[PDB]
Each structure stands twice: as C-alpha cells, then as structure tokens.
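Coming up, as structure tokens: structure 1 and structure 2, two forms of one and the same protein chain.
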Structure 1
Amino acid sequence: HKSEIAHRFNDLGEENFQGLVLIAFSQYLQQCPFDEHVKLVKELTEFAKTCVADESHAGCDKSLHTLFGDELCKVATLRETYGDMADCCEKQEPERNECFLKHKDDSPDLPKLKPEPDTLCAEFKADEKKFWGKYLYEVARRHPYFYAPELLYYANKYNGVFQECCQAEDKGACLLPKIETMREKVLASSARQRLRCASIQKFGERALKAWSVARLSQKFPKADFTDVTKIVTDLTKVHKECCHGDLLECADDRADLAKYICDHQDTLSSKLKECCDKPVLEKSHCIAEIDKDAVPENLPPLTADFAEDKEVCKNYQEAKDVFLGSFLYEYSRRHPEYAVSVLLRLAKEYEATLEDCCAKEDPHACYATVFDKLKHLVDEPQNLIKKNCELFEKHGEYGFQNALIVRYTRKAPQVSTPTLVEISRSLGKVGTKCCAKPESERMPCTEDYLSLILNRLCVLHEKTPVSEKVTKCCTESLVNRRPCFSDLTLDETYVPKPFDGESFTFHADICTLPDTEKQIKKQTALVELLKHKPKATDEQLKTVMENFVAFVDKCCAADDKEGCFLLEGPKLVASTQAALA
C-alpha cells in the first residue's frame, strides 16, 4: 500500500492502533514513564490520521522503523536512562532499529505491583482510557516480548473486570480472584511468546515450524498436511513480526489469518464455529487456545507408511524434511495426549534410526520395530512426572517449592538467588497446575510449563552467564532441554564461596507481608543457606528451617517486634553455623 503508517491505521482502527504503538514504545523504553509514552503516541496518532486524509503528504510513504525510530530520537534522556541506546539514534535505518532492539531488558527490576482494590477502582472510574493503556504500559514494559495482539485482549479482559466489579458491594472479593487468575494466564502467555522469540533467534525458523506442526496437528487432527503447513507458514510469519517489534503488521496479519482459518472451518475442526463470530481479538484468542478436536475414526496404523513400506528409505532420502515433516504431522494428529516436546523428541529418534537403518543391508529389518522403540521413550519422562507429583502431594506447594530450591540450588549454585527462587517457585506451581488433571492432560501440562520456565532461566542466564553447565543445556536442541537440566547434578566443582560478612538476617516486615513475600523472604534464606554449605543434610536443612519458623513466630508475637529481631537474630546466626559445621 502507498502509505504504510495509514495503510495500517485503517486496517486496525484508532483503538488497537494506539494500543499497539504504546506497547511498542513501552517495550523500547522500559524505563520512561507512562505520560512520556502517552505523548510520543498521539504525535504518531495525529500524523497517522494525516496520512489517512492526505496520503501524498510530506513523509507518509516513510517506513514505520523510520517513523517510530524518529521519535525514540526526540527522547532526550537515552544516555541517562539507557546508556549507549542513545547512540542508536545517531544511526540510519535499518541499523538504528537494529540497535534499539538490543536494549530490550528481559529482567528490568521495576516494582512488583501490589493491587489495591480501591485505588484501582478509583483510577478506573476517573479515566477508563488512561486505566486501559496504563495496564499496557505495566505489562508490556515488564515483558518486552509480550504478544502484542494478545496483550490488547487482556487489557480488554482487564477493564471489563473493573466493570463487573467496582460496582458490587464487596469490591475486593469480586476483583482479587479474577485479576489473579488473569495474572497467571498473562505471565504464561508471556513466557510462551518469549519461548517463540528465543527459538527464532537461538535456533532458526524451521525449529519453530516443527513446534507449530505437531501442536497444530494435535488441535486440528482432521486437516491436511498441506493445509496445516499453510497456516504454520502464516503463523510463523506473524510470530516473527512481533518478536522483531513489528506489532502493527503482526496484529494485522494475525487478523487475516484468523479470518482465513475461520473461512476453512470444516476442512479443519468442528470447534472453530464457537470462536468464529466473536470480534477480532476474542476470535483470535479463542482459536489459539481452542480445544483439541478428536481424531478421525479409521486412520491406518502409523506402521504401514513409516515402518513396513519398503520405500521408506527411498522416500526418506529423496525428501528428508518432507518425509519427517509428514511423520511429525502424522504422529501428532494421532496422540493429543503427548507433550509437543515429546513428539519432536520422538520425531528425532525416528530420524536417527532411519539414519542408521537405511544404511544396513536390510533396512526393513532394522527399522520395523521403530514404533515400539518409540512407545518406550515416553514412559521414562512419565516416571519423573509422577515422582515429582508425589513429592508435591506429601508436601504441598510451599514444601514442594523448597525441595526444588534445594535440588536446583545444588545443580547450579552460581546462578543468582532471585533466579533460583523465581525459577524454583514456578516449578512448584506446576505441581498445582498439573498434578491433578486426568493423565491425558497431565504430561503435556507438565512439559508445557517446564519448557516455559526453563526457557525463562535460559533467558536470564545468557544475560549474565555464570554456569557453563547451564549455558550448555540452554544452547543445545530445545528438544533436549528438560533432559539436560534433569540430568544436571551438583557442581562437585562449585566452591562454597563464603558470602560472609554480608549476612542474611530478618526484620519485622516479614510479620506484615502478604503470605507469598514471607515465602520469598524464607526461600532466599534457604538458597543462601545452601550456597554457603552445598553439602548439608536433608535433616540439617529441615531443622534449620523449623527454627526460622520458631524464630519469626516468637518475634511476630512480641509487642516490640524489631526489638525481638534485633535481639534474637544473632543467636540464630550462632545456632545455625554450629548446626552446619
């Protein structure tokens, strides 16, 4: 189209248009305040509108990378706030856009948000619009790769929370669960996009194509390899656009593809029609989290075409990727009960087998027992799952998190305490999310969550790396990632660097803090505990813990509280090191 900025503006409409641009500024300039971004955003909103009314106008044919970038440039505090990011502005497109993206901070250390029901309802009634885009600021800046069309849907679900709720009699009781459920779903969607972008970047497009193949085949097991491949081809393009910070394109192509899929409903899945009349964003979200359709009844056994045919090697040498793309679709549309990562890992084994049989005298011999060999690859990861859930059953989440602290602290004690804690506290939650569903959802569940939390870890680590073992697992095949991390053992090499003089001691804030912060506080002790003596007994650990709990209990029940903590504090530091040797 002859003016892009305005091509897009009619394409999306003033609201989602302004959404998207604010998301783009807030992911560029994570540290600039929200009124700053509110301005940069109406200037390009005005200018856009101009290119709607006089398309030949001065500057309308420009690209968005020059248009956006042109405004990052009139943010005078780029040195102060982002260092050499202001050097970015000096450069020409496409380098200035190359450079701005570098400065994306995956771990921005801004204040966690404590939702206060009366302040938020007051903010909401006072300014609906500013409230909405405030939610877009907050999430987007803490989550610089958040899926932009998806963000806009959640801002919409968010404000509609403050719509149902601020009204009601007990405001808090109405708000607080709903915004907490929504907060979990948001974080989840944030990790999954973050997984996509780090796949595109550390591992090549194709690698991501496999994921969308097996996952999309599981959802629409009644559609073509052709058809599937077609969507996966537009999906990949959307997803690429976002991660590159081309949000407008992104949402627009996600719009088209959703049209497209809703157009081909029966060819794909009975389920689509539910989704197919909701407006663009509720439509796009519904389709993406859409239910697994059921496999058609009379499909032939995988064994014919991949294990008994005698043209299996020939096929496999003429068109490897195709044959293995087709195996992946074929295997996938058939086992909705398997973790996407597991399938790929099955795909890979199948491959390495053919790579070995197809060179024998009798390949058909060597390879006709493949699917059996593959049925057993699933049962060991199942082993871990179930063991990890029992552990969670007998201990409950907080207990289970503390076991994961212990384990993983030992694996990688050079990793930072915040990271071991966040990572360990989320591995705890998977216990809650998954352990209870019927197994036909369980394994996908657990492995879904695993992949997102490991990829979280990997993204923090590559920012400031401190474990070779860690960098390895992060940096080989995604498909081997949980394996590698599950196989890690204590760094028999790590020194108990003392972390001494700097000591970890409590104060009376723990009395007042919401239950999770107390946990974080305690867990950070657990970690630093282990960092200082990596060999320490399970029971050793367990008694030391039983004491902090005694210690805070006594001290949160005293009338003067910090006074207690300043008094009996030292004696826990003595009590503990002798416990330790």
Structure 2
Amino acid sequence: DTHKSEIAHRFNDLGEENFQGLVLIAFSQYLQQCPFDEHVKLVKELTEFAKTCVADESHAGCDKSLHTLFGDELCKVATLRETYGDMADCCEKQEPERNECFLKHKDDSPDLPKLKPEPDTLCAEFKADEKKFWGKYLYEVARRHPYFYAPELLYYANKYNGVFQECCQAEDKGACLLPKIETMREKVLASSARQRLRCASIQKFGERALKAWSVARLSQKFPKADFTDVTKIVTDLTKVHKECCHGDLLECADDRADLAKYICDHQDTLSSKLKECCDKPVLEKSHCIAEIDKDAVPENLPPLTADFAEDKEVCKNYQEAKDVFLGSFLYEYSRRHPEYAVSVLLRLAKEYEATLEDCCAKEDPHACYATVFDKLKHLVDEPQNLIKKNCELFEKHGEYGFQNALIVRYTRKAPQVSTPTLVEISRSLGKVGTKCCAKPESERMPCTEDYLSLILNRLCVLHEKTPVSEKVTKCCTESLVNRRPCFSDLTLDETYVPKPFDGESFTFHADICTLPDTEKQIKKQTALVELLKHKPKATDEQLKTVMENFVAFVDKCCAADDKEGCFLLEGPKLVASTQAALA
C-alpha cells in the first residue's frame, strides 16, 4: 500500500539497516560502474532525509515519490556523463521518463573484474569495519547482477559476514573461508539466475506469464492449500516480483516481509515444512520460505479429466473466465505433480489452451478435446530418450568432454554468437550433467528442464544486449516456456557465412604455457569454437582430429626449450595438418 510520505513509510517499516542496504543495492544496480564511496554518500543523504520525514512528514519534499528522490540523487553525479554516455540524458529528462531511462541501462554483462577471495585482506577489512564490509558485499554482488532479488541479497550479506565471524580468528584462515565462499558463490549465482528468469518473464512476456509461473510454483510448494488461498499468495507474490524487477526495492522488500508473515500465520493450511521457517527473523524466514521446494501430493484427489475434459462447461469457462480457468488447470496439474519442472507444467497448460482454442470452435468440442490428457502425458515423455543419451554421454566422457560436445552442438546452432558467450553457455550446460545425471532416473527430466530454463534465459539476455542470430532471436522470443524444445530443435545454421581461415596469420603463442589449468581448458574450448566458425560444416571426427593435433602441438611446444620458437616453426605445420584434415 502507499502512504503520503513513501520515504517515511518504508524507513518505518524496514528500519534503518535494511533501508540503507536496499538503497545501496538500488544505486549499485542503476549505476554499476560508479565507485563504492560515491554510492555510500548518496545512501547517507537519503537516509538522513528519511529520518527528517519520519519526524515531520510535512517537511518539504517528504511527499515526493521514491523515484523522484532516488533520481535527483543519481543526478548529483557529474560522471554520469563520462562513465555512461547517453544515460546522463536520463538526468536531462524528468520523471516518470527518467526512471525508465535508468532502468533501461542495466547491463547484464558489465565486465567488471572477476572477484577473488584474499583471506588476509578480507579478514582485515572485517576487523576494521564490519558494516562497511557488509556494504561492500551488497555493492560488489548487486552491480554484477543488476536484477538480483534485493531482500535475498540482504540475507546473503548477513551469511557472508557470518563466514568471517567464524574464520578470521581461526588459525588457518583460507582453509576455513575459501570453501565457504565457494559454496555461497554457487548459491548466489543460482539465485541470481532464477530471479533473472522471473524478471524476463514479466518484462518480455507480461504480468500474466509471471502469474502463470507463480501459480505453478506455489502449487507444488503448497499443494494441500485451496485454490482461493494459492491465488491470494500468487497476487501478493506477483506484486512483490513486479516491484523488485522494476527496481522498486523498498516496496518489494516491505511487501515481501508482509507476505512471509501471511504465509507463516497460515502455515497449518499451506505446508508442514514451514515449521522450520516460521520462528526465524524476517530475512532468514523469507529465505527459508523461498527454499521450500515441494510437499507430498494430497491424498484422494479426483482425476484431472473431471474438471478439464468431462465438464460440459469447459468451453464456457475457457471462453468467459479464461485466466481463472487456466490458473485452475495449473493449480490442479501442479499439485498432482509437485516434482515436475515448472517450465514443463507451463508447456502443458499452453498446449491445453491451444487444444481448447481449436476444439471449442467445433460442432462437438468434447469429441475434439476428450483425449487431451493423453496428449499431455506424451508431451511430458517426449524428451526422455535424448536426456538419457545426454546423461550417457556425460557418464562416458565426464563434464569437460560433455561441455565439448555441447560447444559443438550449440556453435552449429548459433555460429554468429560471440565466442566468450558460446563458451560460457556451453560450460554451464555441461555442468547440468554433474547436477542432474545422478538424480533418481525419474527426477532427471525435471532437473535438466529447470537448469536449461535458467541457462537459456542467460543466453537470451546476452543475445538481447547484442543480437546476432535470427534463430536465437526466434527461439528466445516465440515462447518463454518452450525455449528448451526450440533450441533443442535447431539444426546447423546454413544462413551463416564463415570468414576464411587467416591461413597466413597463425594466432597461438607461449603465454598459453603458463596459464592455470582451468584456463588452459577454456583456451582449448575457445579454439574449438573458432575452428567451428571457420569450418561450420566440419564433422565430429574432423573436429576431434584437429583438436587432437592442436593439443599435441601445445604440449610439444610448451615442453620445448625455446617455447615461442617451437610455436612459430611448428604452427604453420599445424595449419597444414588442419587443412588436409578438413577436406
């Protein structure tokens, strides 16, 4: 809800620590290249202004919107001109256009330095000033992930500070904290990906897509709840995500906290797993709620055919109350299959909807849609062979070889895409093998659909930033939930025109020899992509031959006395072997 003085309302509701953290995340995400200390100064200003309005809400400016107050502060910054180019034209503008402009310049691949944990340095900053150290975490993560779910980031900052509580007085510091940080990293990065999808769903596919996703998710977590209660939570959760995805972080966090309280107050009718969550403080409580994945299927439920195929009013309901009805389908399907991937459940609803659009026009609709559930069950099973084949490949060759097989597959599909993006995405796809292939047989498909949804959304976000392939555009935009089928269906892109081999220009040198081992692995994956960009029709056996040659040449020359000399002499020999091989 809104108050006359929104700044006072949210300061009152959130309290000063969380208010400050949230405002710092806002500024970090709007202005990702700006330094920490400049952000801190604006947050302090606004905080101090907040306190003025709490004490006297009649004070000048206290009835301004949050965007006005945020924006005026962003426009103090002189360097907006230098550091952002045509974004200081946001500052030239006034609200509500200004805020929109700022939002549009969030950068999904800002290319800041890779963060590296240095235990002694970190421990000393923690000692010096814990609050600054917390703030610095919020800043560094937020600016790398400009749609990170902001109240979840506050929870993670508290966990981060806890790692250093534990480890800094420990004798051996890095032994204690490096693995903690590694673990936290993978969890934060997963969280950012799941939120980036949520935000894509609303931004690119509309509020109705986000509602659809929410009804499916919530029905797997709280399947014993009634539809009217699930739908209440959907309405609230949808408002929360809309706010967070739009950069309305103070409202997001406040509404989130209210929704956590509602959930906990109604825990007996929603899920027994809430018992672990509901006596925690707000941020941890909310995180715990988010972490719940599923409950048991309620006993004694009727077949879905009753409401969705037998009922004489199926067409009526589809026609007159379409959103409610598709919502009910989602709730009822989801609650019966709480282990399914959400994207699959949505894929089913979409086909159900398509079935009704075709059949409800006919003289005997029921004749036409009576068997729709059998078609849906088949749709669930469609990719089981290929998933099995993928997991068999992973088992036979391991993660790095599985990534290599994916580089080939994906480069053929989308050869226009940049080499760093093809490598990033293919390595992430290969990690799906490790995360999913030793799940129970029956849990593999939902595992792989879930991660694929996240990884392909990353692809699509990177592609939006600089579009290069009509086929990737098409798959990214045709339908959010059928992205995985779309991309799987793509074949070699014959639209692509390869540039010739720069046959006189040989491009590899002895500085490869000193790389850390994982960087040596990436260098070989980069080489593979480039080989495919020059000879996009090469066979698997050809690419293997050439890559084998390449790695023997690198090993031979990195072990030589004169290393660069070997690269220079034998490099031309490599190009010759390669040519003969790619005929």
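Numbers given to residues start at 1 and step along the sequence of structure 1. Rigid core: the largest C-alpha set superposing within 1.5 Å between the two forms.
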Comparing forms between the two structures after core superposition, the one residue of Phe323, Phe146, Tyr135, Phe485 displaced by 2 Å or more at CA
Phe323
Rigid core superposed: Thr543 CA moves 2 Å or more between the two structures:
yes
Just checking, between the two structures and with the core aligned, does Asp305 shift 2 Å or more at the CA?
yes
Does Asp35 shift between the two structures by 2 angstroms or more at the C-alpha, the core having been superposed?
no
Distance moved by the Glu502 C-alpha between the two structures (core-aligned, Å):
10.4
Could the core-superposed CA displacement of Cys366 between the two structures be given in angstrom, to one decimal?
4.1
On a rigid core superposition, how far has the CA of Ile290 moved between the two structures, in Å, if you could check?
1.1
